[PDB]
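Here it is, the structure, as structure tokens.
Which chain is which? They are A, B, C, D, E and F, in the order written, and residues in each are numbered from 1.
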Amino acid sequence: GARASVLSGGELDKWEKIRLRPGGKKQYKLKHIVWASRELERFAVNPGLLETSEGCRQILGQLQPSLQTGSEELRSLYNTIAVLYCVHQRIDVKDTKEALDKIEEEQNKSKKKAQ
Amino acid sequence: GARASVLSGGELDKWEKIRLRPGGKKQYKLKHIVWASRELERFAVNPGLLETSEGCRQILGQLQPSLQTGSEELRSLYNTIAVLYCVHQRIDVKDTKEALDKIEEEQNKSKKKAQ
Amino acid sequence: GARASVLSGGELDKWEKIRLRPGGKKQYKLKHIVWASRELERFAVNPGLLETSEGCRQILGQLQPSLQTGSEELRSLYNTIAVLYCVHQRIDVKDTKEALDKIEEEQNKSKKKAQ
Amino acid sequence: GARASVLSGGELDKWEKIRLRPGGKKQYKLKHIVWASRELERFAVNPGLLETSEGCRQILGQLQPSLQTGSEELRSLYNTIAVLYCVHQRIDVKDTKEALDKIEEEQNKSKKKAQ
Amino acid sequence: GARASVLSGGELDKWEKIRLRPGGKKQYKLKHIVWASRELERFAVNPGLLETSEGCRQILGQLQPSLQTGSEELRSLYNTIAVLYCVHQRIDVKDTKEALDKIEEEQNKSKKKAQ
Amino acid sequence: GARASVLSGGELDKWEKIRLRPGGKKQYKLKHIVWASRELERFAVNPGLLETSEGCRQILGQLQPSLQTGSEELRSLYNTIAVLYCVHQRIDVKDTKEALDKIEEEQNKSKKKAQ
């Protein structure tokens, strides 16, 4: 229906604060958390993966390489899955952009220890 | 009232499975998650700490040393906070006892790197 | 209600004899044994600890360091728990003051064998 | 009449648990605590000695050597005084037999330091 | 009821001036001095300790280490007890934040002469 | 009118206890705290100085040297300002005389480090 699950009380507060973009006027809302869950199940991917910091990582991994080959439907996903994942880990970005940079750098560190 | 928050969908499934004791017949229920939250706020500790793997650790830290000096009210807490914490981390114990051993050993490892 | 439990027949006799203070005119009474039990349960500490020489020691241990930081509510406790403990051990002080000195010295002896 | 005195709240719980024998179906009850007190006063020995871990030791000392020369009336005493004494000291035997072994061994240790 | 006691005439003037926060619009009022006194007595700590520069120090000492383990109820306390203490000592901060820094540095100085 | 200000709740208790003289039967009362405040303002000195341990010192400093050249009106002042000051500092004298000795000795110590 429209209840909490993916994000807890504390996460919800920050979530509503985070904005979809750095230079916008539309904060994040449950509409985005559910909008992704629906598109997820469509790709044979349960929405529960978003409720777990581990499940999200698995999703971003498939969408990562499918960022250029993927379509708009995939783009939006990476946006939500990003801001959400950051919440489950620790990163408390203000927008969806900052979340992309953080996750982008974290991957660059592993490159040195996984080349 | 009586909804989800501390434990997500996936965590809820396992939670209901976990038993309060190894040799008992009373599985875990929301009644225990809320019963603790109430006692928490009483000690100037918000119940939200339980909804976060980080908050729980902070609680178990105070109850740890207060296991002998503390009263029954504290004992029950360590029981719930344990099974719950294990869920947020990764440990999927079957009872409350196993959760105590796991958390007990994890602390023994740090002793070698923090003596 | 108002029966015996913490102190036996023999202990009761001495208890009623012991005075709350060295220079006073108000001997000890069950009112003080129960008055403490109530404040104990409030701190998550069962009143039964007073019925056992072992339980008392555990209480005085927490109130010991909380003698300066603690409030008046704690002071009164240390007073009763003292006269009572002395009864369960062996010390048969006449007032609450003497009980403080006895327990104070006993701790000084361990300091030499636990520094 | 039929109230508490010799055994406190905590001791009462364990007392009712302890059985008169290892292979029996008759747990301990106040009937046994009073039954002994009556026989005690008969031997010029106050029943209060049972309410004190010190008094009990004095009793078991006289009945110890009078275990063979004594009659059945003495046997029953050593049985109750045993389970009771163990409670006041620390030993939490399950039956009256275990209590005899514990007290029997404790005496063997002194033999090495008192021969 | 609602009279003066903790803060004198001169202290009252400055108190009303001091703000709860550096970037806010809600100055300090008796409501905060009493709000703390109530929470104090709850922790077995008399409210009079706030009326004395010595009593405050004793309070901040317990709340100091309980800043992370403590709950929101404790946070607010450290806020009021801070601005108040500064008044009794000499520090005339403008907000509650400045008071935290002053007391924080003062403790750093002792570290060099108490390590 | 006739309320508290210079002395807090705790100070008031001790104040009422302190006596104007060592061998008298007239304890201290608000009448003396106000009686001085009135004479203070007369000398271009605000009564608030008495509500502050710092203000008092400034007063005793002027009356100190004016103890012989001053009149009876000044004598009474030094008496009240003394017992009061001792309260704000720490000294808990029983009479006004003891307060004079304490403050007299404290000044003798500085003489060695300020000759």
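Note that a contact is a pair of C-beta atoms (placed from the backbone, for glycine too) under 8 Å apart; a residue touches a chain by one contact, two chains touch by 3 or more.
Interface comparison, E-F versus B-E: the higher count of C-beta contacts falls to E-F. Note that among the pairs C-D, E-F or B-E, B-E reproduces the B-C interface, with over half of its contact pairs the same by residue number.
Averaged Cα coordinates give subunit C a centre that lies 34 Å from the centre of subunit E. Averaged C-alpha coordinates put the centre of subunit A at 70 Å from the centre of subunit F. Centroids built from CA atoms put subunit B at 28 Å from subunit A.
Of all residues in subunit B, only 3-6, 8-10, 48, 51-52 touch subunit A in the complex they form. Residue ranges of subunit B in contact with subunit C, taken from their complex: 68-74. Taken in their complex, subunit B has these residues touching subunit E: 41, 43-46, 58, 61-62.
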